[PDB]
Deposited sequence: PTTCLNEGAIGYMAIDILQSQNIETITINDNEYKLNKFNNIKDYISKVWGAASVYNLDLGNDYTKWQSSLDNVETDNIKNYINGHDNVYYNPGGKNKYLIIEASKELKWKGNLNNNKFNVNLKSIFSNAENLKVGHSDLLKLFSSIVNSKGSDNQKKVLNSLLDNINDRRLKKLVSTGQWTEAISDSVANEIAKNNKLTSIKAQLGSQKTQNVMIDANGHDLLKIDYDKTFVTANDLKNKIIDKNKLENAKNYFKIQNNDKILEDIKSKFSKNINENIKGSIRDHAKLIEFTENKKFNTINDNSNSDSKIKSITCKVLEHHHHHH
């Protein structure tokens, strides 16, 4: 919701260059994909953005302002989303699971949209994408690479600012949600935890599988707390039996550490130290941050020849 038009601008930027040079197909792996043709920005945005119908922004050729337009419309939702996190459950011994940190307030977007609708379908740039076996991040990497290769010097300056913008919000959301621990190596995670006075526990975020989470215990002994007395339990939430005092506790006992010091701390070591065994919703996020941070672009070749112009990638 906060990096989508940043991505969209990069996708348009490549299309603007390719169409400008009469290039109609791209070679991904060993297949040829035929690019769609777009009249203007409104045409492209209408095609690749889910939420295009709802907002009706007016976007110029200043791509650094594309996200800002959305940012100004939704205002507080933008910062609140980036800093937001889910409900946190802790299983101290057995058999029950307790809500130790409550989720951030629910955000209502324009049109009562859903987080999926803000996605930009980089596959809609191709007419025959249905045959494509590439994920969103690599496609973003693909279009970003085209702008670096064929873009002007000023265009590359814009691409870099856009990539940088994606990294900042994407990483921050990852730290703020507590999901950063699962996305880097155990050794580095513990170093940052040691350095930042965080406590490592085994916890569940929303409906996700249990994972490694690091929380700020706020000068508390997690051994000494009575979870039955203090907190509500996940099965209790289902029964809609809720003790307000116990629910109130989830607000005040612990927090997820997202201040600038851990944020800087992780960013220095995040890029190098991604987990060997990772997959899922989280992996795309990790793929994205790594590329936008390091900026290792793919290579683009021009296919040479009554021509149809084309280019290849890996």
Numbering from 1, run down the deposited sequence and write out every stretch that has no C-alpha in the structure.
306-307, 317-325
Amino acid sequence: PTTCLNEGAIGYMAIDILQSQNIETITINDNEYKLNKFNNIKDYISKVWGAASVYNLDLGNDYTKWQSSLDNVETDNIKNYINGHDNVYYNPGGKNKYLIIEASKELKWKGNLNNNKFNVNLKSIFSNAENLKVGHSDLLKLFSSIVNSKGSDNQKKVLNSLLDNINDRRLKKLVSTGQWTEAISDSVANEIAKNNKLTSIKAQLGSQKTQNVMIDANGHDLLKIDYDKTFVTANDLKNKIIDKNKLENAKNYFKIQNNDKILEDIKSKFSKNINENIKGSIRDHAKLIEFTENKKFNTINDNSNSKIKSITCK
From here on, numbers count along this sequence of modelled residues.
Stretch with higher mean Cα temperature factor, 281-289 vs 37-45, is 281-289
Assert higher mean C-alpha B factor (163-171 or 226-234, deposited values) equals 226-234
From the entry's CA B-factor values, the highest among 251, 65, 246, 272 is 272
From 79, 133, 97, 123, pick the one with the largest CA B-factor in the entry?
133
The third of the chain into which the C-alpha temperature factor of residue 115 falls is the highest
Please place residue 25 in the lowest, middle or highest third of its chain according to the CA B-factor in the PDB entry.
middle
Chain third (lowest, middle, highest) by recorded CA B-factor, residue given as residue 84:
lowest
Which third, lowest, middle or highest, does the CA B-factor of residue 53 fall in along this chain?
middle
Sort the modelled residues of this chain by their C-alpha B factor and say whether residue 221 lands in the lowest, middle or highest third.
middle
